[PDB]
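If you're matching positions, the sequence shown starts at 1140 in this note's numbering and goes up one per residue.
Everything on this sheet refers to the single structure shown next.
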Amino acid sequence: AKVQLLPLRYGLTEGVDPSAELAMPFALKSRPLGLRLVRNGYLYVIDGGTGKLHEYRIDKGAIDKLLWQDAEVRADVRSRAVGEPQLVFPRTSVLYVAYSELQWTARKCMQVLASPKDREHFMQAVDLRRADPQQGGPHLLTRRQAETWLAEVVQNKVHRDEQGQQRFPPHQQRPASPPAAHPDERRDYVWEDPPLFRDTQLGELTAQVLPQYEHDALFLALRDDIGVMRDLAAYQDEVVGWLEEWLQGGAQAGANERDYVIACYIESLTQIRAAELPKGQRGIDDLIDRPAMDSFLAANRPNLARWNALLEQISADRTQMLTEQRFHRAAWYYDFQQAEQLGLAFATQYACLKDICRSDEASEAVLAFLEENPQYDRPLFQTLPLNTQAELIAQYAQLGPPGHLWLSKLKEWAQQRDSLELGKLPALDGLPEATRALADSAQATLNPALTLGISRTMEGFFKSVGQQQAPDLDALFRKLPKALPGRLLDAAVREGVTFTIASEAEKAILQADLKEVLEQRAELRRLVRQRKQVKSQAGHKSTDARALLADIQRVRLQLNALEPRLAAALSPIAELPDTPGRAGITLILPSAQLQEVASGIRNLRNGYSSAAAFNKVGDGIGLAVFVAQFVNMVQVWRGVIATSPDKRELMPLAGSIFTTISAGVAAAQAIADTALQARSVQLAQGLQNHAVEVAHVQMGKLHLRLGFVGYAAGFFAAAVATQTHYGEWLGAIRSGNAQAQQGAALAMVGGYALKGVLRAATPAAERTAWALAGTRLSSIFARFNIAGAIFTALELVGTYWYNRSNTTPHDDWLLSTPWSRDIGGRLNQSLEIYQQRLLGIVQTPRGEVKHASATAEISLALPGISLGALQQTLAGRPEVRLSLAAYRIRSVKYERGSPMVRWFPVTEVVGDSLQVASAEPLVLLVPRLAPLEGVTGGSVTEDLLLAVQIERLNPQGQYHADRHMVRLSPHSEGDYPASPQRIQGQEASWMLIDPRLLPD
């Protein structure tokens, strides 16, 4: 040889940034791509002068052993010190180098010994001729360069100036990290799963130079893209650890989260109320100890800003490894032909990619990467060899669906692909459940990217919907992430998922039944309009309105027979309540899985989100149910456009179809979450048994938010893709960024399917979700979760019509929040309880009365009770079983003795005559009912009371009624809040609102 190299890796470093002197190959934002001791590792080096493969083991930063140095296949496990651990080479060679955590199988030595197209694509090339002993070279550093830039030496070394005092190089002057910071954030290199960083003297690495090379040697940066991805993963996890442990801190479980989220709600309300002044803070400061609250915010906001901007830059640094192929280009050496390595491979793909789609800019980078490179979604496709399989990439393009009719042969296509793939890819069958739990979790690590790709394709669909233009299903299915076909062909063998296609007979039957459903809905709309006209001209006492009501009841019964069948046609599964109608495609399943999926979907559509268990149902049936509804949604909506109906009926009809789609999408999601949690024990067991010693490799802090295959998250994120404000505010809050929060807030000012499956038990499910960022991911949980519910509060409070009225229930809330000036006033409810109570206090039924220059409008807001929650899923139950009991209140006054008050029921009239005046989120309308008769020798005054039983099908599926008691005046412009009351003994009837009966 003529030179010695030494193994460094690129790594995260606390500021020891060589980029001022050297060109960073991939320029990390969050921590400088400084040089570091190498993780416990296998190192491989190909010499272009000979073609031989070298193999090295790394322990504690340095070469432990050399264990092959050979040109040929031998054995998959190697356990000898073959010779000199040093890296020594002729200075004329080009080397190709790569870092690995596992011994490579002989199939992987063969993959880069023999073929240069794989070798030069996967392994990092270093040109020894380019290097210079006084400037360095490509990935090659001089002794003085390493002394300057090796962070483990440099980090805590006391640098010295020309007068012998401490010099502070730019990683020192570490910026006065405040006593507000988490105790572990005080410590450097917090990604300590296990602790690997240590203060080092370069003497220990010069001890690795063979003395003759002490003048000649250089330091080599091994592009340890796996080790960097693990460091960034464990660092993201540890910043989630800071977020969770701080949020959970304070005097009670979740006390600090409670305090901060309530402080940020109070600050947002303050900022909005102030911003309404130039177009009032005393009302808050009388209640809230503002100097304490704002000092707490001023301390914790710099923490949250630092933590979020750090996580954002970790996202950017990770997905610079998922645009440049550096991850898959490193993870190429996994070899499913050894089952232990198949497990270690899924575990290391999980460790590197876990929560990698932490945020939208990450999800979009990984998505665009998979859209360019969809083959990597097959298990270990980067390992096949990938480039020998570049010829079969043409077969995958030939397997590229000719639209949905591909699915009609899906079992044949799966067998044909297996005929391509047999021995070439992992067979995910017969493997123990711990290993296939790993396999699914690994494929799920990329899955929030597929969630965004599904979301963008559903965006293309919902655009076509808003444009009222029939989408080409063949286009849509091709545009879907070609990951999806690759997983669905796996589900076709794993689950027995056997798609039939609706025959032209079935398609024609369902097209006729859609023509029925739509002509009946048009008849219903006409009948409702006529009924309203009659009520306007003849009142609710007229018989003609009762004849129209009988017609409405007829058509409603017909719809309630047809729409179960329409929902089963739209269902993933053959189980009609039964000739069968179908459109698009449908799953045939083994009868156990079929019956479980049928009962589960029936429960979900009927609200029973719990006891909708899916014990034996896998993620494969998840995906199959999803794409079966994608196809049947597209095909039904194309059928509707083939009817070309009233555009005014398109929107309710599309909405309701999207409810039933969303309910089986939610079944796909709840299958995914149940498979995730039921496998979670097997996953933890696999990790603890036989994940790599090189990390504790824990189940990610966000796994229960990012490991489910996302169909309901991606569906909803597509449905509100435009509605950025929720994600903007919740992102800025999780940012703590005060001016970003103020911007999001002022720009904003200027269920059993979705809610019930995306909401979860909050300790596991909010303090974890705070590490999520970006508009779409944060907007999902903003629309549904408890911090999201507080945003649904902010959407109501601070608006002018709310500011116009008595905040007293909310003022009592405030003065019972943790920031009350008297602790004795504080009622230290847990944040879940404060969220419930605040929601109940803002999503009170909240009445308004308005006058026009002869006529008055009396209305009753139901904040968050969208009509989409009142509307009945095609077959199913209403999510909000809104039940306006109506009472009239009569009073007479006397010169002596106490005045009298009496209640009367009127409930039947208000159900017979209330109306909708906004679909979401905050109106319902009630007629100006006539007063009661007077009394002789005196006078009568009347109040109205609308005992609005709001009721929501809770996670239990139970009739969780909330008997609010709004009391209102008939003839004065007023806003009338509500709070529970003792009722006047015996209840009235409680008529149930079904909004299909309601004019809109």
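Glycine included, every Cβ here is placed at the ideal spot set by N, Cα and C.
C-alpha distance - residue i paired with residue j, whole-angstrom precision
i	j	result
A1834	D1424	49 Å
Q1514	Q1488	15 Å
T2080	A1802	49 Å
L1623	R1617	10 Å
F1508	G1592	11 Å
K1671	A1402	47 Å
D2101	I1724	42 Å
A1536	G1625	11 Å
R1326	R1306	21 Å
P1948	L1978	11 Å
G2113	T1813	49 Å
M1368	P1322	25 Å
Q1824	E1702	45 Å
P1984	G1635	49 Å
Those residues which DSSP pairs with residue i across a bridge
i	result
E1996	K1989
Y1374	Partner(s): none; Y1374 has no beta bridge.
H2099	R2091
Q1305	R1299
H1193	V1184
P2070	Partner(s): none; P2070 has no beta bridge.
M2039	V2031
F1358	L1145 and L1280
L1205	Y1195 and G1222
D2082	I2028
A1501	Per DSSP, none; premise fails for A1501.
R2106	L2084
Beta-carbon proximity of residue i to residue j, cut-off 8 Å
i	j	result
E1343	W1381	no
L1234	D1209	no
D1370	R1465	no
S1558	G1913	no
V2048	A2025	yes
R1844	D1579	no
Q1459	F1261	no
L1841	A1722	no
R1633	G1757	yes
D1186	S1254	no
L2021	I1962	no
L1206	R1196	yes
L1999	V2105	yes
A1455	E1500	yes
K1621	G1720	no
Closest by C-alpha distance to residue i, when choosing among the options
i	options	result
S1642	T1231, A1708 and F1600	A1708
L1461	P1540, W1207, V1505 and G1422	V1505
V1265	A2000, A1237 and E1286	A1237
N1526	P1541, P1571, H1467 and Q1294	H1467
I2122	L2084, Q2095 and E2112	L2084
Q1347	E1240, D1203, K1256 and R1269	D1203
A1883	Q1521, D1613 and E1406	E1406
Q2097	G1419, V1673, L1357 and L1743	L1743
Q1312	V1155, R1397 and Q1555	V1155
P1317	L1386, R1440 and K1621	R1440
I1980	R2027, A1856, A1928 and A2008	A1928
residue 1138	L2023, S1239, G1889 and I1972	Residue 1138 is absent from the model: the chain starts at 1140 and stops at 2139.
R1219	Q1242, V1227 and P1229	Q1242
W2042	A2127, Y1973 and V1667	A2127
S1955	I1427, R1178 and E1291	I1427
Residue-level contact to chain B via CB, residue i, 8 Å cutoff
i	result
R1362	This model lacks chain B altogether; it includes just one protein chain.
Residue i CB to nearest heavy atom of the ligand NAP below 7 Å
i	result
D1611	Annotation note on the ligand NAP: not contained in the displayed structure, which lists no ligands.
Would you be able to state if there are at least three C-beta pairs under 8 Å between the stretch 1604-1623 and the stretch 1855-1871?
no
Would the stretch 1433-1447 count as touching the stretch 1466-1481 if we require 3 or more Cβ pairs under 8 Å?
no
Given 8 Å, three or more beta-carbon pairs between the stretch 1889-1905 and the stretch 1922-1935:
yes
Flag this pair as touching only if the stretch 1348-1362 and the stretch 1271-1283 have three or more C-beta atom pairs under 8 Å; answer yes or no.
yes
Touching by the beta-carbon criterion (3+ pairs, under 8 Å), the stretch 1772-1787 and the stretch 2126-2133
no
Any chance the stretch 2031-2049 sits against the stretch 2003-2018, with 3 or more Cβ pairs inside 8 Å?
no
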